[PDB]
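Residue numbers (the deposited numbering), protein chains in the order written: chain P, 382 to 393; chain P', 382 to 393; chain A, -4 to 70, 78 to 231; chain A', -4 to 70, 78 to 231. A prime marks a further copy of an entry chain.
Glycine residues also receive a C-beta, built at the ideal position from the N, C-alpha and C atoms.
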Amino acid sequence: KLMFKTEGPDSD
Amino acid sequence: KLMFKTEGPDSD
Amino acid sequence: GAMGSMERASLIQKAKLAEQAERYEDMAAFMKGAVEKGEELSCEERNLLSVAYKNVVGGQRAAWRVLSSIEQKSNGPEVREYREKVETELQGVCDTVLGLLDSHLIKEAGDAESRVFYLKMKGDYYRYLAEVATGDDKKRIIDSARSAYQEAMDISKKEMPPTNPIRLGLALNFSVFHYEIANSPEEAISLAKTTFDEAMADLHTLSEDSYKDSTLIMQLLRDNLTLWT
Amino acid sequence: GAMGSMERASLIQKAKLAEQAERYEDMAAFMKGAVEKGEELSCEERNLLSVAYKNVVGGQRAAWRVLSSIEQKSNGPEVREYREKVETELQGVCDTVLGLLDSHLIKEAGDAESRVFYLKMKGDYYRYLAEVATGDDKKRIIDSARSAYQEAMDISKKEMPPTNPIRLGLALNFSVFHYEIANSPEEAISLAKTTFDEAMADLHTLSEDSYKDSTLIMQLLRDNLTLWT
Ligand SMILES: N=C(N)c1cc(-c2ccccc2)c(Nc2ccccc2)s1
Ligand SMILES: N=C(N)c1cc(-c2ccccc2)c(Nc2ccccc2)s1
Ligand SMILES: N=C(N)c1cc(-c2ccccc2)c(Nc2ccccc2)s1
Ligand SMILES: N=C(N)c1cc(-c2ccccc2)c(Nc2ccccc2)s1
Ligand SMILES: [Cl-]
Ligand SMILES: [Cl-]
Ligand SMILES: [Mg+2]
Ligand SMILES: [Mg+2]
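Right under this line is the structure:
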């Protein structure tokens, strides 16, 4: 899936 | 520490 | 409470060591222990809590999507069973974090920066549940995420400047909620744009250090708008 | 046996899914379950077992070194306590893998490719113990690693070609054992060089696919020699 920018660590 | 090449995934 | 017999300060020290070791499961357990001491968290401590669980739940979300995608393609029980296993553990982490927030982080958080922070987290963890929800509570899970975000937004707008990094991170995440969870892409776009513009117009008030903090999150809003428009 | 009620084939399927999801703790538990079914492992299954635990123990070794380094610099109990926590969990993984090898992977492994594989793993997991050992069993742990490697080497030299990837990976790891665990850098260098040269002289016998497999591991031997000389 295209994941959008969310706050904090890009841990996924 | 300098880790040397060992077999399989460089998991450390 | 696995961590009931460790000093609050030791648990915070060990959370910080765990972060350095990339032991996020440990970091999260240590911070759970610290919250369960019953004292409010400092700014730094709130950030430790959030980083620990973001990392844990991030790995599970990533694994879930991989498994969900394979399952979709496959449509034996094994794929479904294992996606369910991961999904259940994911839901457990969300349940635990929501647990900490309701018992009793949110009710004792009176300052804008703490209350907004915790309500943002509440929205986030309901959003993560919503991402995997498929049954008769999906609508209510989604509405729980909206409700949390909306209270956070109302407080943030009244009590914080437009460049406040907490306020900006909230708007970012609420924007993604709208786009992908509430199926409201126009709302997502309007929020992201309005948030960016109001932040841009306030940067003049900041120190160099603060300017850096704000513009970092503003770029994330931009990154999303670029994909969306 | 947490996995006693799952079919062998399901456990192998789920190990493969876990690998795709980067859920190495799960992958390792699934493969433990598969070994505990009591049947020998195929080549593919041996590789699943090894990859799963390498990944798990790799994260712990990395965390240990970070914590050990902080502790050295610091020379409150917290740093030591947390390094000890991680160290204990590391030792547990090694103990578990050595468990599987002695009960009963090694004794039933009659073919060179399986026996060498398992004895190499035995050397590896004793080496990982040795990396954190500081007490009155260090010498015996080290000798256990040597002993395992040496039996593997004797078999490999008699039963496999010099380019055999298993044989090459063994020589690589035994070489690192010599350099860093046995404090025998000249032995490490001689082994790595002799292994590379004998492999180089046999590449002419291989298919393209095999040539690729061998030269990959030969480059690791080269990489180490470059740092060592
Ligand atoms: N990952 C970590 N260990 C932390 C990250 C942040 C953070 C800072 C700015 C923006 C986002 C996160 C922390 N906040 C903090 C640090 C020191 C003193 C007061 C507050 S701790
Ligand atoms: N700890 C909490 N506050 C909650 C956890 C879960 C949950 C969801 C999926 C799986 C496991 C737990 C909730 N579900 C829910 C939410 C709103 C309305 C109706 C049902 S609330
Ligand atoms: N990580 C994995 N899933 C595997 C890696 C390797 C491997 C292959 C060559 C060299 C090193 C490892 C496997 N062996 C294998 C695969 C298919 C059929 C027979 C044997 S499985
Ligand atoms: N499962 C196994 N075969 C072993 C595990 C451990 C161990 C080492 C450190 C911490 C926990 C366990 C061993 N120690 C050892 C090895 C050789 C001689 C004397 C002592 S053997
Ligand atoms: Cl499962
Ligand atoms: Cl500890
Ligand atoms: Mg439109
Ligand atoms: Mg010399």
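Provide the residue span of the alpha helix (DSSP H) that contains residue i, from first to last.
i: residue 155 of chain A; result: 140 to 161
i: residue 385 of chain P'; result: That residue, residue 385 of chain P', is in no alpha helix (DSSP H); it is neither H nor E in DSSP.
i: residue 44 of chain A'; result: 38 to 69
i: residue 101 of chain A'; result: 80 to 102
i: residue 167 of chain A; result: 167 to 182
i: residue 185 of chain A; result: Note, residue 185 of chain A: premise wrong, no alpha helix (DSSP H); not H, not E.
i: residue 28 of chain A'; result: 19 to 30
i: residue 210 of chain A; result: 210 to 230
i: residue 133 of chain A; result: 114 to 134
i: residue 9 of chain A; result: 3 to 16
Taking 6 Å as the cut-off, is the C-beta of residue i nearer than that to any heavy atom in ligand 4?
i: residue 139 of chain A'; result: yes
i: residue 146 of chain A'; result: yes
i: residue 126 of chain A'; result: no
i: residue 100 of chain A'; result: yes
i: residue 131 of chain A'; result: yes
Determine, using beta carbons only, whether residue i comes closer than 7 Å to chain A'.
i: residue 130 of chain A; result: no
i: residue 30 of chain A; result: no
i: residue 5 of chain A; result: yes
i: residue 18 of chain A; result: yes
i: residue 80 of chain A; result: yes
i: residue 84 of chain A; result: yes
Determine, using beta carbons only, whether residue i comes closer than 7 Å to chain A.
i: residue 8 of chain A'; result: yes
i: residue 15 of chain A'; result: yes
i: residue 12 of chain A'; result: yes
May I ask whether a heavy atom of ligand 7 can be found less than 6 Å away from the beta carbon of residue i?
i: residue 188 of chain A; result: yes
Which whole-angstrom value describes the C-beta separation of residue i and residue j, a residue pair presumed to lie in contact below a C-beta threshold of 8 Å?
i: residue 51 of chain A'; j: residue 19 of chain A'; result: 5 Å
i: residue 154 of chain A'; j: residue 183 of chain A'; result: Wrong, their Cβ atoms sit about 15 Å apart, outside the cutoff.
i: residue 230 of chain A'; j: residue 191 of chain A'; result: 5 Å
i: residue 55 of chain A'; j: residue 95 of chain A'; result: 6 Å
i: residue 92 of chain A; j: residue 130 of chain A; result: 7 Å
i: residue 157 of chain A'; j: residue 201 of chain A'; result: In fact, because the Cβ distance is near 17 Å, the residues do not count as touching under 8 Å.
i: residue 16 of chain A'; j: residue 62 of chain A; result: 6 Å
i: residue 159 of chain A; j: residue 390 of chain P; result: No, residue 159 of chain A and residue 390 of chain P are not in contact; Cβ-Cβ is about 26 Å, not under 8 Å.
i: residue 227 of chain A'; j: residue 173 of chain A'; result: Not confirmed; about 12 Å, so no contact.
Does the CB of residue i have a neighbour CB from chain P' at under 7 Å?
i: residue 175 of chain A'; result: yes
i: residue 49 of chain A'; result: yes
i: residue 56 of chain A'; result: yes
i: residue 60 of chain A'; result: yes
i: residue 225 of chain A'; result: yes
i: residue 88 of chain A'; result: no
i: residue 53 of chain A'; result: yes
i: residue 171 of chain A'; result: yes
i: residue 99 of chain A'; result: no
i: residue 95 of chain A'; result: no
Cβ-heavy atom distance between residue i and ligand 5 below 6 Å?
i: residue 14 of chain A'; result: no
Can you find a heavy atom of ligand 6 that lies under 6 Å from the Cβ of residue i?
i: residue 83 of chain A'; result: yes
i: residue 159 of chain A; result: no
Any heavy atom of ligand 2 inside 6 Å of the beta-carbon of residue i?
i: residue 183 of chain A; result: no
i: residue 56 of chain A; result: no
i: residue 108 of chain A; result: no
i: residue 93 of chain A'; result: no
i: residue 169 of chain A; result: no
i: residue 97 of chain A; result: yes
i: residue 143 of chain A; result: yes
i: residue 208 of chain A'; result: no
Is it the case that the CB of residue i approaches a heavy atom of ligand 1 more closely than 6 Å?
i: residue 88 of chain A; result: no
i: residue 80 of chain A'; result: no
Ligand 3 and residue i: does any heavy atom of the ligand fall closer than 6 Å to the residue's C-beta?
i: residue 51 of chain A'; result: no
i: residue 42 of chain A'; result: yes
i: residue 61 of chain A; result: no
i: residue 20 of chain A'; result: no
i: residue 35 of chain A'; result: no
i: residue 38 of chain A'; result: yes
i: residue 46 of chain A'; result: yes
Does the beta carbon of residue i sit closer than 7 Å to a beta carbon anywhere in chain P?
i: residue 134 of chain A; result: no
i: residue 222 of chain A; result: yes
i: residue 118 of chain A; result: no
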